[PDB]
file final_24.txt (compact mmCIF, C-alpha atoms)
# COMPACT_ATOMS: atom_id res chain seq x y z
CA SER A 1 85.86 77.43 119.09
CA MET A 2 88.96 78.38 121.05
CA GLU A 3 91.11 77.55 117.89
CA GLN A 4 89.15 80.28 115.93
CA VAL A 5 89.73 82.81 118.76
CA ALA A 6 93.53 82.05 118.80
CA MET A 7 93.67 82.53 114.99
CA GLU A 8 91.82 85.84 115.42
CA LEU A 9 94.24 87.04 118.09
CA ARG A 10 97.11 86.17 115.65
CA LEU A 11 95.37 88.20 112.86
CA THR A 12 94.86 91.04 115.31
CA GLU A 13 98.52 91.02 116.25
CA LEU A 14 99.63 90.93 112.57
CA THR A 15 97.26 93.89 112.06
CA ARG A 16 99.00 95.80 114.86
CA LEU A 17 102.43 95.10 113.34
CA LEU A 18 101.24 96.04 109.76
CA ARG A 19 99.71 99.28 111.09
CA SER A 20 103.13 100.33 112.43
CA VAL A 21 104.76 99.21 109.14
CA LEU A 22 102.22 101.28 107.21
CA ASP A 23 102.93 104.36 109.35
CA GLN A 24 106.65 103.94 108.85
CA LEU A 25 106.29 103.59 105.04
CA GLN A 26 103.98 106.54 104.80
CA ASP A 27 106.59 108.76 106.54
CA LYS A 28 108.84 108.07 103.60
CA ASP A 29 106.36 110.01 101.44
CA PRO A 30 106.38 113.43 103.17
CA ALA A 31 105.03 115.06 99.95
CA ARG A 32 101.87 112.88 100.33
CA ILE A 33 102.00 111.82 96.62
CA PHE A 34 100.68 108.33 97.56
CA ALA A 35 98.22 109.24 100.32
CA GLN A 36 94.99 109.07 98.32
CA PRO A 37 93.67 107.32 95.20
CA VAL A 38 94.48 108.85 91.86
CA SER A 39 91.36 110.97 90.99
CA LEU A 40 89.48 109.71 87.89
CA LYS A 41 87.96 113.19 87.64
CA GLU A 42 91.52 114.68 87.32
CA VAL A 43 93.12 111.75 85.34
CA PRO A 44 90.10 110.42 83.38
CA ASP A 45 92.27 107.96 81.33
CA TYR A 46 93.93 106.41 84.43
CA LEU A 47 92.16 103.04 84.29
CA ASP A 48 93.14 102.52 80.61
CA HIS A 49 96.74 102.55 81.92
CA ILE A 50 96.56 101.11 85.38
CA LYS A 51 94.44 98.05 86.08
CA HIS A 52 94.75 97.82 89.89
CA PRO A 53 95.14 101.30 91.43
CA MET A 54 96.45 101.46 94.97
CA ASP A 55 97.18 104.17 97.57
CA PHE A 56 97.86 104.41 101.36
CA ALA A 57 94.26 105.25 102.29
CA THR A 58 92.92 102.25 100.43
CA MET A 59 95.57 100.07 102.20
CA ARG A 60 94.55 101.56 105.55
CA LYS A 61 90.84 100.66 104.98
CA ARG A 62 91.79 97.04 104.15
CA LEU A 63 94.07 96.94 107.21
CA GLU A 64 91.41 98.15 109.66
CA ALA A 65 89.00 95.50 108.32
CA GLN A 66 91.85 93.02 109.14
CA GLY A 67 91.89 92.22 105.48
CA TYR A 68 95.61 91.37 105.20
CA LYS A 69 96.11 87.65 106.13
CA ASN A 70 99.91 87.76 105.85
CA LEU A 71 102.76 90.18 105.07
CA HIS A 72 102.92 89.04 101.43
CA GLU A 73 99.43 90.43 100.81
CA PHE A 74 100.37 93.81 102.34
CA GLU A 75 103.60 93.98 100.35
CA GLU A 76 101.67 93.27 97.13
CA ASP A 77 99.56 96.39 97.71
CA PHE A 78 102.62 98.51 98.59
CA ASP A 79 104.33 97.30 95.43
CA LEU A 80 101.24 98.33 93.38
CA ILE A 81 101.57 101.91 94.75
CA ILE A 82 105.16 102.06 93.54
CA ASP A 83 104.84 100.10 90.31
CA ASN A 84 101.69 101.90 89.12
CA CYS A 85 103.40 105.27 89.57
CA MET A 86 106.56 104.15 87.72
CA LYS A 87 104.48 103.01 84.71
CA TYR A 88 102.14 105.97 84.44
CA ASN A 89 104.74 108.63 85.06
CA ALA A 90 107.97 109.27 83.13
CA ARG A 91 111.43 108.84 84.62
CA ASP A 92 112.06 112.65 84.74
CA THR A 93 108.99 113.48 86.90
CA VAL A 94 108.63 114.28 90.57
CA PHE A 95 106.07 111.42 90.84
CA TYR A 96 108.33 108.72 89.45
CA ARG A 97 111.21 109.96 91.52
CA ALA A 98 109.08 109.94 94.64
CA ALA A 99 108.20 106.26 93.95
CA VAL A 100 111.84 105.27 93.58
CA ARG A 101 112.67 106.93 96.93
CA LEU A 102 109.67 105.28 98.64
CA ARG A 103 110.66 101.89 97.30
CA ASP A 104 114.32 102.27 98.39
CA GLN A 105 113.39 103.48 101.85
CA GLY A 106 110.48 101.09 102.23
CA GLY A 107 112.86 98.17 101.55
CA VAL A 108 114.58 98.76 104.89
CA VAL A 109 111.31 98.70 106.85
CA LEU A 110 109.95 95.64 105.07
CA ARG A 111 113.13 93.67 105.54
CA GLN A 112 112.79 93.92 109.35
CA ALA A 113 108.99 93.46 109.26
CA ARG A 114 109.55 90.04 107.59
CA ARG A 115 112.00 88.98 110.32
CA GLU A 116 109.43 90.14 113.04
CA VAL A 117 106.52 88.32 111.39
CA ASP A 118 108.62 85.07 111.12
CA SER A 119 110.18 85.60 114.61
CA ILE A 120 106.89 86.32 116.53
CA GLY A 121 104.97 83.88 114.23
call {"tool": "encode", "arguments": {"input": "final_24.txt", "output": "structure tokens"}}
result
Amino acid sequence: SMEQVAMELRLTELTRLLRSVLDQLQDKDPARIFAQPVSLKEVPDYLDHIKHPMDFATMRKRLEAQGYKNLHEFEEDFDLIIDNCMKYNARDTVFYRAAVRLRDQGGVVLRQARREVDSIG
């Protein structure tokens, strides 16, 4: 149907906008602390602590499969990156501190992404 095509064009355009959002958020992590999944070989207890691991590469795979239906879904995954790090790692660590800075800086980007998603539809 033409209705299904129109819906798919909308998902494709959201995907474009979320790709640019993702690139902007990832630039706020120049250390690349959040680029890749936590290694279970290097942190074998990780899953005892963290139930839903998340990282930018995993978000990128979901994105390219057009697997985010709305901005809320994307934000949930970004929040997991931050929140997982802040639980596993202590306040005095470079990892925790990197997550705070990512969250603070990411806030700016996400605020305008929500306006653009509402504004464009």
call {"tool": "axis_aligned_box", "arguments": {"input": "final_24.txt", "around": "segment 58-67 of chain A", "padding_each_side": "8 Å", "output": "JSON"}}
result
{"center_x": 92.3, "center_y": 97.2, "center_z": 105.0, "size_x": 22.6, "size_y": 26.0, "size_z": 25.2}
call {"tool": "closest_residue", "arguments": {"input": "final_24.txt", "among": "A:64, A:29, A:75, A:83", "to": "residue 49 of chain A", "atoms": "all atoms listed in the file"}}
result
A:83
call {"tool": "residues_around", "arguments": {"input": "final_24.txt", "residues": "residue 120 of chain A", "least_positions_apart": "3", "cutoff": "10 Å", "atoms": "only C-alpha atoms", "output": "list in words"}}
result
residues 10, 13, 14, 115, 116 and 117 of chain A
call {"tool": "residues_around", "arguments": {"input": "final_24.txt", "residues": "residue 40 of chain A", "least_positions_apart": "5", "cutoff": "12 Å", "atoms": "all atoms listed in the file", "output": "PyMOL selection string"}}
result
chain A and resi 45-50+53
call {"tool": "atom_distance", "arguments": {"input": "final_24.txt", "atom1": "atom CA of residue 32 of chain A", "atom2": "atom CA of residue 94 of chain A"}}
result
12.0 Å
call {"tool": "closest_residue", "arguments": {"input": "final_24.txt", "among": "A:80, A:52, A:4, A:11", "to": "residue 121 of chain A", "atoms": "all atoms listed in the file"}}
result
A:11
call {"tool": "residues_near_point", "arguments": {"input": "final_24.txt", "point": "(86.5, 95.6, 111.9)", "cutoff": "12 Å", "atoms": "all atoms listed in the file", "output": "count of residues only"}}
result
12
call {"tool": "closest_residue", "arguments": {"input": "final_24.txt", "among": "A:27, A:34, A:22, A:57", "to": "residue 95 of chain A", "atoms": "only C-alpha atoms"}}
result
A:34
call {"tool": "closest_atom_pairs", "arguments": {"input": "final_24.txt", "of": "segment 5-36 of chain A", "to": "segment 100-105 of chain A", "cutoff": "9 Å", "atoms": "only C-alpha atoms", "output": "Markdown table"}}
result
| residue | atom | partner | partner_atom | distance |
| --- | --- | --- | --- | --- |
| A:25 | CA | A:102 | CA | 7.4 |
| A:26 | CA | A:102 | CA | 8.5 |
| A:28 | CA | A:102 | CA | 5.8 |
| A:29 | CA | A:102 | CA | 6.4 |
call {"tool": "closest_residue", "arguments": {"input": "final_24.txt", "among": "A:77, A:55, A:23, A:118", "to": "residue 38 of chain A", "atoms": "all atoms listed in the file"}}
result
A:55
call {"tool": "atom_distance", "arguments": {"input": "final_24.txt", "atom1": "atom CA of residue 3 of chain A", "atom2": "atom CA of residue 114 of chain A"}}
result
24.5 Å
